[PDB]
Amino acid sequence: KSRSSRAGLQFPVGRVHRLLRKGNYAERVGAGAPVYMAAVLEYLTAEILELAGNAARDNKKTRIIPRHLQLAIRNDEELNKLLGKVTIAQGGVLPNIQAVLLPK
Amino acid sequence: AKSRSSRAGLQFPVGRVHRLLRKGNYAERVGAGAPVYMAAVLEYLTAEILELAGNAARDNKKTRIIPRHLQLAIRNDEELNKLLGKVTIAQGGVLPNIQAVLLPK
Amino acid sequence: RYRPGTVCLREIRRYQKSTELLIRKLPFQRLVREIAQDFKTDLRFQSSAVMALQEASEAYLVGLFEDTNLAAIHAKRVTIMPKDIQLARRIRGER
Amino acid sequence: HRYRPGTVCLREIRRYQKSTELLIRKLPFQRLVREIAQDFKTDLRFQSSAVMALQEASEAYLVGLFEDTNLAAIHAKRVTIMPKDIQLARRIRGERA
Amino acid sequence: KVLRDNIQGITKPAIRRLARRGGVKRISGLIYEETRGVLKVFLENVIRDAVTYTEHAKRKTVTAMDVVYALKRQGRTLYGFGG
Amino acid sequence: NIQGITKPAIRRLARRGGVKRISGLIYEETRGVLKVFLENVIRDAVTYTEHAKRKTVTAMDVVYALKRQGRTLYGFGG
Amino acid sequence: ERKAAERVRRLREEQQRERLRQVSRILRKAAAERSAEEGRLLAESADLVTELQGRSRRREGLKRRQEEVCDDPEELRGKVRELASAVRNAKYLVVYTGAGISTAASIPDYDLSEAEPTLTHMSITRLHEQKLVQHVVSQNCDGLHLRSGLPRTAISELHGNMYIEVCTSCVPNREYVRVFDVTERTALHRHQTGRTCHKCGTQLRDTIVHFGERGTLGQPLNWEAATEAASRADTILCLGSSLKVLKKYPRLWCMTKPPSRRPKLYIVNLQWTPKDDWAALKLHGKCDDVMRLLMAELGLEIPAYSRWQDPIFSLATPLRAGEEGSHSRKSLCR
Amino acid sequence: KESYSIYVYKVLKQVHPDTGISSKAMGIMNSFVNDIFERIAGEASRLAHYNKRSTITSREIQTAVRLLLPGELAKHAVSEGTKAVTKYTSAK
Amino acid sequence: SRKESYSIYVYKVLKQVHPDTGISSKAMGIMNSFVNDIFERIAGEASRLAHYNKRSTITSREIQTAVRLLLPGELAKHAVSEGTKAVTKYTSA
DNA sequence: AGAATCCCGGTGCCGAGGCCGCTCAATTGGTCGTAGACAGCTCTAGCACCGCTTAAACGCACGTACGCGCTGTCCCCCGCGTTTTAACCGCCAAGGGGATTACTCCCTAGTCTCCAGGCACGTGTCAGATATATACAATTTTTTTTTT
DNA sequence: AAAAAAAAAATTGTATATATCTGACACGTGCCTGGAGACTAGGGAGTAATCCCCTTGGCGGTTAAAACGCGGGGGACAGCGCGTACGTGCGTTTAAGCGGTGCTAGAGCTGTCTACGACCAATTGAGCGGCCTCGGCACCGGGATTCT
């Protein structure tokens with residue numbers, strides 16, 4: 001009967017409610033705003049984990065590594081735009097060889 | 001002395017900055033000496049920028065400072081450039097510079 | 001007739017000393033109205049916003065201009081080529 | 001035999017873009033971190049976590065600088081890097097005014 | 001009236017003047033269209049952020065304040081227009 | 001003391017960047033730039049240190065320093 | 001260094017600026033108007049007023065260069081006697097027509113058809129029939145020297161003769177003459193007479209060259225012919241020249257060859273020019289009067305110009321059909 | 001210390017039941033979730049300041065979601081959030 | 001309604017530095033933007049670091065640290081000294 | 001033919017997901033002070049149009065300086081071998097400082113009352129535009145002279 | 001006889017002095033709202049004590065890593081020839097820009113009244129700390145395929 005359950009969402013909302021109230025963001029907090037924040041959170045987590053799992057399966061691996069999430073965050077343009085200035089731990093770089101440097 | 005600015009010998013307001021601090025949603029309670037520090041650092045920054053602006057003004061035989069003059073002042077200071085090399089000034093232009101390789105030989 | 005380049009540097013310094021605005025207001029205003037009408041129809045703009053857009057666009061374009069100038073002079077060239085702007089934009093962090 | 005110059009370069013490029021291990025030896029790094037930090041005040045203590053954070057942050061930022069310089073070099077119609085490429089990178093990214 | 005054919009409203013001498021302010025001595029013949037494209041993409045970005053800031057306040061008129069908030073949102077704070 | 005970064009290490013970290021050829025005047029400028037960025041980050045971290053009345057700097061302080069420069073790093077309690 | 005150090009050396013720069021501005025202020029006002037105690041800084045800075053007087057005197061000297069200078073008629077006629085000896089003794093000689101001769105012939109100083117050859121052109125032509133003068137280089141673009149009777153090979157014009165037009169199509173090129181001036185049809189940046197050749201049938205190109213374009217035809221006017229004529233001369237002469245047009249092209253003088261090896265050069269002009277002081281013999285006077293007096297020592301009468309006697313009209317080819325309405329200025333009649 | 005480990009794990013099991021995950025990648029996930037938290041809440045805060053309002057609601061944060069995130073992603077997020085808040089308000 | 005600005009105070013400091021210098025309106029706009037921008041910046045890192053060390057109060061120390069954060073070496077050395085003498089002058093009376 | 005890399009199998013080993021237990025935090029419930037949703041009135045700025053004077057854009061052609069390709073040179077890193085060396089692991093000791101708990105002083109918030117500093121407004125007068133008419137150092141290019 | 005250097009003059013922007021006027025900056029004023037003076041209360045912060053986690057330090061092995069030398073080959077760089085694309089100037093066309101003139105959608109403020117969010121006592125379960133057990137993955141090695 002939790003608010004996460006009556007909302008159908010997974011991440012906590014009362015936790016979000018408190019950390020909004022103690023966040024020094026406003027003297028008052030709305031009611032459905034943390035439900036929104038949790039929903040968009042589950043979204044972004046869902047697609048990042050989707051593409052991370054695609055990367056893991058592409059390497060014939062059943063577990064995740066920072067390398068796979070790096071590949072996932074680099075291959076797609078939208079998440080690259082979002083994760084522009086962010087440097088990832090143990091991620092590496094996309095393999096790329098420039099054309100005229102290759103032998104003829 | 002009644003005004004707090006005159007009490008500390010500062011020329012920016014203490015009540016106004018204190019009110020901005022309280023009505024800023026930064027902390028639920030505020031100390032007493034913070035506005036004095038704020039006014040002091042504001043004095044220092046505004047004074048140092050206006051000094052070089054006036055220097056630029058008397059450089060070109062002009063008695064009135066213009067944001068072009070402030071642009072000249074801000075682009076020729078090593079540290080203040082690190083302060084605000086990030087910002088953009090209105091109708092400020094650019095300092096003249098030509099690469100030596102571009103000059104005729 | 002002056003040798004080729006003296007007029008170039010003349011214009012360089014003439015507009016380096018200048019502080020005014022270098023794009024005609026009516027065409028760029030028409031452009032901003034056209035590009036903005038794609039998001040919500042029957043928009044109304046005020047003058048302050050359009051001169052703000054003036055100044056911001058001019059500042060960016062000037063900045064990327066000396067950036068490409070540096071890129072081109074690094075290429076032992078005096079001519080600027082599109083590869084210069086593609087490099088400048090790639091390495092600045094956009095795209 | 002003797003490989004033509006470049007085959008080993010491509011091999012090492014492939015192996016190092018397939019690896020995620022830290023690249024520089026740790027003890028010289030702790031030495032340099034201590035010997036740059038002690039100048040502001042004396043008698044400091046450090047933990048391993050901060051040191052590795054500094055290590056991998058520096059490694060990422062530097063490798064980024066290097067693809068930047070590589071683009072500058074290939075645009076320069078060259079296959080060899082020179083200091084002026086790094087100077088141009090510091091010009092573009094704006095950290096150096 | 002619907003607006004079309006206005007990216008060409010920025011003229012070749014204007015771009016030449018802007019390049020001269022940039023400190024450039026020679027201009028290639030293939031620069032103008034790509035400068036136009038860069039200007040188009042940056043304008044679309046700034047107008048999108050500004051217009052979103054505009055309907056956020058339930059307003060039907062764009063504000064220069066919205067423009068300022070957007071421009072410092074792209075980390076391009078601009079001086080002398082309030083704020 | 002700055003010579004502690006060996007030439008082979010610089011060569012390898014240039015390899016990871018995709019470089020094939022290295023000049024003879026690269027190492028000193030690499031050392032200088034690393035020195036200056038390290039001194040920036042350590043200044044920020046040490047200031048964060050004396051603020052809160054502790055004699056030892058923690059890793060999360062380094063995380064604060066790097067996130068201030070828009071260089072956020074993951075996997076260390078961020 | 002220290003920001004206090006920044007302030008202090010800014011202050012010393014300021015005191016340098018104020019002392020320079022106040023020395024300038026003390027310099028500006030005249031000594032007579034100012035008080036005795038004032039100007040002591042100016043008095044000790046006597047070098048400053050020295051270069052101030054130098055500036056004043058050099059502007060005055062430039063003004064004297066522009067303004068016309070006269071010499072005494074008797075010293076003029078003596079120097080012209082020496083000039084007559086020099087022109088008689090030389091087997092080959094070159095004379096340079098000048099812009100003073102242009103002003104005498106109403107040609108602007110540095111229409112054209114209505115202008116007639118001046119009496120100076122008469123005297124130069126007379127020298128040519130006497131063969132004392134072998135070659136002449138003309139500043140003026142009028143072609144009035146050709147009207148005077150000058151042999152076309154003997155006269156070389158760097159601007160070009162307005163009446164003559166030379167086709168650019170043919171490699172040897174085709175030479176035609178038209179009495180009327182063609183500046184009305186011709187314009188800057190375009191080099192076409194618009195008159196088809198009677199034989200070739202291609203549009204002619206006027207021998208005159210405008211300002212801002214280069215003539216690519218050597219037949220209308222031959223540079224190396226003028227250089228060789230200058231070299232062959234035992235001595236070089238110029239008369240009534242502001243010289244600026246001849247200053248434009250050095251080769252026609254052959255100034256390139258060393259002053260010692262070249263034939264000695266003398267220039268006569270009412271207006272001052274650098275070649276005037278460069279010349280060993282200098283004469284200040286009106287060019288027409290000087291040439292008349294030179295003819296007087298030579299004992300040979302000055303010729304009288306006549307349209308029938310002017311060669312250009314007969315050298316002129318008949319005008320193409322329909323070209324009469326094309327030109328704004330009417331064709332000359334002999 | 002507080003972390004979102006269990007909730008993220010529920011998201012995994014609802015999307016990928018047959019998948020195993022380490023702890024480091026979880027640290028990256030926690031840092032990522034916190035980061036978008038500060039971005040979204042902070043820009044909502046400047047929105048509340050800008051319009052001279054003192055109450056935080058769903059409107060400023062939904063506009064923020066439109067603001068920082070690309071078109072397809074933005075429309076998906078706003079649609080899901082509206083359906084979630086409507087479901088929340090439906091049951092009391 | 002009424003609008004708040006810094007015109008009188010900055011004009012006073014103009015007199016204190018330069019008694020015989022004028023001013024323009026665009027100059028007032030740009031300096032007002034400067035004072036605002038620096039104010040929210042400094043208060044921003046102050047609030048962040050006050051949250052950071054789990055303290056609910058803000059004083060001279062956190063803002064002194066913030067000044068030494070964003071301001072380069074010599075400028076910061078001057079700013080800390082001026083602020084200290086100012087605060088001791090205020091608290092002494 | 002040949003070294004370098006992908007692929008399959010076997011074995012060991014420590015982290016990952018479960019399970020147990022407990023405690024602070026999420027949830028109910030009610031209640032009271034308070035912000036904004038809505039209507040309405042108002043006043044102001046953006047839009048649209050018109051006419052006109054004029055400065056800029058354009059099209060063109062001509063020339064020439066530059067980008068580019070090619071050739072020759074020389075030269076300086078690369079790959080491999082061999083000697084050198086310090087990094088890393090594992091282990092063991094010791095002291096400091098980070099963290100927690102308890103406690104008492106005192107500094108900000110809050111409220112009321114009263115006054116003076118800043119703001120909107122108005123008017124004078126003077127610094128800078130604006131046109132007009134000029135000086136002026138730098139430079140640069142050409143000529144002339146000197147040296148080999 | 002030819003090349004290089006110095007001087008002088010002519011350009012070339014480059015800077016300038018000055019008469020008129022005009023609109024914008026500076027100064028005077030009423031007042032009203034925020035800032036200042038005084039008192040109270042209460043929770044947050046400064047200070048003392050403890051410990052045990054952790055950081056610093058030392059030492060022996062060994063072992064991969066680093067350092068140096070040398071032959072050589074590909075790459076950088078300079079020079080030359082040539083085609084052309086772009087600078088530059090002039091005649092022509094166009095639309096930007098200023099000045100009124102008018103309208104109206106639309107921002108801003110005012111009033112209220114109700115719905116919504118803060119506060120606090122009870123209370124109960126979901127989340128966090130410890131321990132485990134065992135399987136997914138690393139490691140050494142053998143073989144399968146792949147550029148040179």
# chains A, B, ... in the order shown; residues from 1 in each chain; ligands from 1
>>> residues_around(residues="residue 29 in chain C", least_positions_apart="6", cutoff="12 Å", atoms="only C-alpha atoms (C1' of nucleotides)", output="PyMOL selection string")
(chain C and resi 23+35-36+44-54) or (chain E and resi 3+6-7+9-10+43)
>>> write_last_selection(atoms="C-alpha atoms", output="PDB file, in the first residue's frame")
ATOM      1  CA  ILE C  23      23.676  42.124 -39.484  1.00  0.00           C
ATOM      2  CA  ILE C  35      12.555  29.366 -37.283  1.00  0.00           C
ATOM      3  CA  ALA C  36      10.400  30.015 -34.218  1.00  0.00           C
ATOM      4  CA  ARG C  44       4.815  37.583 -30.589  1.00  0.00           C
ATOM      5  CA  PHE C  45       8.354  38.878 -30.042  1.00  0.00           C
ATOM      6  CA  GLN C  46       9.654  42.030 -28.390  1.00  0.00           C
ATOM      7  CA  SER C  47      12.616  44.135 -29.487  1.00  0.00           C
ATOM      8  CA  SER C  48      14.801  43.386 -26.462  1.00  0.00           C
ATOM      9  CA  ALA C  49      14.764  39.659 -27.230  1.00  0.00           C
ATOM     10  CA  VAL C  50      15.675  40.155 -30.889  1.00  0.00           C
ATOM     11  CA  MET C  51      18.628  42.414 -30.050  1.00  0.00           C
ATOM     12  CA  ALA C  52      19.689  39.862 -27.440  1.00  0.00           C
ATOM     13  CA  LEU C  53      19.701  37.271 -30.229  1.00  0.00           C
ATOM     14  CA  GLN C  54      21.645  39.737 -32.386  1.00  0.00           C
TER      15      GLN C  54
ATOM     16  CA  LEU E   3       7.876  32.744 -43.903  1.00  0.00           C
ATOM     17  CA  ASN E   6      15.077  33.540 -45.118  1.00  0.00           C
ATOM     18  CA  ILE E   7      18.284  31.706 -44.163  1.00  0.00           C
ATOM     19  CA  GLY E   9      18.660  36.709 -45.607  1.00  0.00           C
ATOM     20  CA  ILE E  10      22.181  36.844 -44.158  1.00  0.00           C
ATOM     21  CA  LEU E  43      19.487  29.638 -33.498  1.00  0.00           C
TER      22      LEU E  43
END
>>> select_by_dssp(residues="chain D", states="helix (DSSP H, G or I)", output="ChimeraX atom specification")
/D:7-16,26-37,48-75,83-93
>>> interface_residues(of="chain F", to="chain D", cutoff="7 Å", atoms="only C-alpha atoms", output="mmCIF file with N, CA, C and O atoms, in the first residue's frame")
data_model
loop_
_atom_site.group_PDB
_atom_site.id
_atom_site.type_symbol
_atom_site.label_atom_id
_atom_site.label_comp_id
_atom_site.auth_asym_id
_atom_site.auth_seq_id
_atom_site.Cartn_x
_atom_site.Cartn_y
_atom_site.Cartn_z
ATOM 1 N N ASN F 1 61.441 16.368 -9.280
ATOM 2 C CA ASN F 1 60.356 15.587 -8.709
ATOM 3 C C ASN F 1 59.280 15.327 -9.753
ATOM 4 O O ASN F 1 58.548 14.342 -9.680
ATOM 5 N N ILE F 2 59.195 16.235 -10.728
ATOM 6 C CA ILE F 2 58.231 16.080 -11.803
ATOM 7 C C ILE F 2 58.685 15.027 -12.805
ATOM 8 O O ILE F 2 57.876 14.550 -13.609
ATOM 9 N N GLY F 4 59.243 12.047 -12.290
ATOM 10 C CA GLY F 4 58.736 10.740 -11.921
ATOM 11 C C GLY F 4 57.835 10.097 -12.955
ATOM 12 O O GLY F 4 57.663 8.873 -12.924
ATOM 13 N N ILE F 5 57.255 10.883 -13.859
ATOM 14 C CA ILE F 5 56.477 10.342 -14.974
ATOM 15 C C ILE F 5 57.482 9.982 -16.065
ATOM 16 O O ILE F 5 58.107 10.844 -16.686
ATOM 17 N N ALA F 9 55.770 5.687 -20.040
ATOM 18 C CA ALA F 9 54.394 5.908 -19.611
ATOM 19 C C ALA F 9 53.714 6.953 -20.484
ATOM 20 O O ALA F 9 52.552 6.785 -20.876
ATOM 21 N N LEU F 13 50.418 6.348 -22.822
ATOM 22 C CA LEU F 13 49.197 7.138 -22.694
ATOM 23 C C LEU F 13 48.930 7.956 -23.951
ATOM 24 O O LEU F 13 47.790 8.362 -24.207
ATOM 25 N N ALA F 14 49.965 8.204 -24.755
ATOM 26 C CA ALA F 14 49.739 8.762 -26.083
ATOM 27 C C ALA F 14 49.187 7.705 -27.029
ATOM 28 O O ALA F 14 48.362 8.009 -27.898
ATOM 29 N N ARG F 15 49.639 6.457 -26.878
ATOM 30 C CA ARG F 15 49.085 5.366 -27.673
ATOM 31 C C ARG F 15 47.595 5.209 -27.409
ATOM 32 O O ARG F 15 46.799 5.046 -28.341
ATOM 33 N N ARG F 16 47.198 5.255 -26.134
ATOM 34 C CA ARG F 16 45.784 5.126 -25.802
ATOM 35 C C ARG F 16 44.967 6.263 -26.400
ATOM 36 O O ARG F 16 43.761 6.114 -26.626
ATOM 37 N N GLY F 17 45.601 7.401 -26.673
ATOM 38 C CA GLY F 17 44.920 8.466 -27.377
ATOM 39 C C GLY F 17 44.820 8.281 -28.875
ATOM 40 O O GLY F 17 44.110 9.047 -29.533
ATOM 41 N N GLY F 18 45.498 7.277 -29.425
ATOM 42 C CA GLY F 18 45.486 7.032 -30.850
ATOM 43 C C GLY F 18 46.636 7.627 -31.631
ATOM 44 O O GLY F 18 46.552 7.693 -32.863
ATOM 45 N N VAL F 19 47.699 8.061 -30.964
ATOM 46 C CA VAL F 19 48.832 8.679 -31.646
ATOM 47 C C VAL F 19 49.799 7.595 -32.102
ATOM 48 O O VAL F 19 49.984 6.577 -31.422
ATOM 49 N N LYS F 20 50.422 7.808 -33.261
ATOM 50 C CA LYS F 20 51.379 6.861 -33.825
ATOM 51 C C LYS F 20 52.822 7.331 -33.686
ATOM 52 O O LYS F 20 53.722 6.513 -33.479
ATOM 53 N N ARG F 21 53.062 8.633 -33.796
ATOM 54 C CA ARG F 21 54.405 9.191 -33.789
ATOM 55 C C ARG F 21 54.494 10.288 -32.739
ATOM 56 O O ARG F 21 53.552 11.066 -32.566
ATOM 57 N N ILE F 22 55.626 10.354 -32.041
ATOM 58 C CA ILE F 22 55.841 11.321 -30.971
ATOM 59 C C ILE F 22 57.116 12.102 -31.256
ATOM 60 O O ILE F 22 58.141 11.515 -31.621
ATOM 61 N N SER F 23 57.048 13.422 -31.096
ATOM 62 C CA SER F 23 58.221 14.269 -31.246
ATOM 63 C C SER F 23 59.049 14.253 -29.963
ATOM 64 O O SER F 23 58.672 13.661 -28.947
ATOM 65 N N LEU F 25 59.901 16.965 -28.242
ATOM 66 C CA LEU F 25 59.576 18.117 -27.410
ATOM 67 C C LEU F 25 58.169 18.031 -26.826
ATOM 68 O O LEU F 25 57.586 19.057 -26.462
ATOM 69 N N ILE F 26 57.614 16.825 -26.732
ATOM 70 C CA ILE F 26 56.256 16.644 -26.234
ATOM 71 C C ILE F 26 56.220 16.456 -24.717
ATOM 72 O O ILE F 26 55.309 16.960 -24.045
ATOM 73 N N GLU F 39 47.545 20.868 -9.900
ATOM 74 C CA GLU F 39 47.583 21.907 -8.877
ATOM 75 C C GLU F 39 46.222 22.577 -8.724
ATOM 76 O O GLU F 39 45.792 22.865 -7.602
ATOM 77 N N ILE F 42 44.071 19.983 -6.723
ATOM 78 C CA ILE F 42 44.500 19.839 -5.337
ATOM 79 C C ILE F 42 44.203 21.104 -4.546
ATOM 80 O O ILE F 42 43.885 21.022 -3.359
ATOM 81 N N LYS F 55 42.116 17.143 9.125
ATOM 82 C CA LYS F 55 43.497 17.178 8.670
ATOM 83 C C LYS F 55 43.801 16.226 7.522
ATOM 84 O O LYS F 55 44.922 16.257 7.003
ATOM 85 N N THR F 56 42.854 15.386 7.116
ATOM 86 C CA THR F 56 43.047 14.437 6.027
ATOM 87 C C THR F 56 41.974 14.648 4.968
ATOM 88 O O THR F 56 40.784 14.730 5.293
ATOM 89 N N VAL F 57 42.394 14.745 3.711
ATOM 90 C CA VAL F 57 41.478 14.940 2.592
ATOM 91 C C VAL F 57 40.904 13.587 2.180
ATOM 92 O O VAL F 57 41.625 12.583 2.136
ATOM 93 N N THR F 58 39.603 13.550 1.909
ATOM 94 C CA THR F 58 38.953 12.324 1.473
ATOM 95 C C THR F 58 38.722 12.329 -0.040
ATOM 96 O O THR F 58 38.816 13.358 -0.711
ATOM 97 N N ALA F 59 38.410 11.146 -0.573
ATOM 98 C CA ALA F 59 38.169 10.995 -2.005
ATOM 99 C C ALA F 59 36.922 11.740 -2.462
ATOM 100 O O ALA F 59 36.890 12.270 -3.581
ATOM 101 N N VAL F 62 37.716 15.036 -3.553
ATOM 102 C CA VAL F 62 38.197 15.061 -4.930
ATOM 103 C C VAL F 62 37.017 15.029 -5.890
ATOM 104 O O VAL F 62 37.024 15.697 -6.932
#
>>> residues_around(residues="residue 75 in chain A", least_positions_apart="2", cutoff="12 Å", atoms="only C-alpha atoms (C1' of nucleotides)", output="PyMOL selection string")
chain A and resi 48+51-52+54-55+68-73+77-81+83+93-95
>>> residues_around(residues="range 82-88 of chain C", least_positions_apart="4", cutoff="12 Å", atoms="only C-alpha atoms (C1' of nucleotides)", output="ChimeraX atom specification")
/C:61,63-75,77-78,92-95 /D:68-77,88-89,91-93 /E:27-35,37-38
>>> interface_residues(of="chain A", to="chain D", cutoff="8 Å", atoms="only C-alpha atoms", output="count of residues only")
10
>>> interface_residues(of="chain F", to="chain A", cutoff="8 Å", atoms="only C-alpha atoms", output="ChimeraX atom specification")
/F:70-75
>>> write_last_selection(atoms="N, CA and C atoms", output="PDB file, in the first residue's frame")
ATOM      1  N   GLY F  70      33.024  20.770 -13.850  1.00  0.00           N
ATOM      2  CA  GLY F  70      32.269  20.035 -14.845  1.00  0.00           C
ATOM      3  C   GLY F  70      32.977  18.796 -15.337  1.00  0.00           C
ATOM      4  N   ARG F  71      33.629  18.064 -14.440  1.00  0.00           N
ATOM      5  CA  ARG F  71      34.424  16.888 -14.772  1.00  0.00           C
ATOM      6  C   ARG F  71      33.991  15.710 -13.914  1.00  0.00           C
ATOM      7  N   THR F  72      32.679  15.531 -13.776  1.00  0.00           N
ATOM      8  CA  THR F  72      32.142  14.575 -12.814  1.00  0.00           C
ATOM      9  C   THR F  72      32.645  13.164 -13.095  1.00  0.00           C
ATOM     10  N   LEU F  73      32.946  12.440 -12.020  1.00  0.00           N
ATOM     11  CA  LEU F  73      33.522  11.106 -12.085  1.00  0.00           C
ATOM     12  C   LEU F  73      32.659  10.160 -11.267  1.00  0.00           C
ATOM     13  N   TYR F  74      32.531   8.928 -11.740  1.00  0.00           N
ATOM     14  CA  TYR F  74      31.616   7.959 -11.161  1.00  0.00           C
ATOM     15  C   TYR F  74      32.393   6.834 -10.484  1.00  0.00           C
ATOM     16  N   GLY F  75      31.702   6.105  -9.611  1.00  0.00           N
ATOM     17  CA  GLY F  75      32.265   4.929  -8.981  1.00  0.00           C
ATOM     18  C   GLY F  75      33.068   5.178  -7.724  1.00  0.00           C
TER      19      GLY F  75
END
>>> closest_residue(among="E:40, E:12, E:56, E:76", to="chain H", atoms="only C-alpha atoms")
E:56
>>> residues_around(residues="residue 55 in chain E", least_positions_apart="2", cutoff="12 Å", atoms="only C-alpha atoms (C1' of nucleotides)", output="VMD selection string")
(chain C and resid 39 to 40 43) or (chain E and resid 48 to 53 57 to 63 66) or (chain H and resid 47 51 59 to 60 62 to 64 66 to 67)
>>> closest_residue(among="J:27, J:85, J:5, J:73", to="chain A", atoms="only C-alpha atoms (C1' of nucleotides)")
J:27
>>> interface_residues(of="chain J", to="chain E", cutoff="12 Å", atoms="only C-alpha atoms (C1' of nucleotides)", output="PyMOL selection string")
chain J and resi 45-46+56-58+65-67
>>> residues_around(residues="residue 2 in chain J", least_positions_apart="2", cutoff="12 Å", atoms="only C-alpha atoms (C1' of nucleotides)", output="list in words")
residues 1 of chain D; 4 of chain J; 146, 147 and 148 of chain K
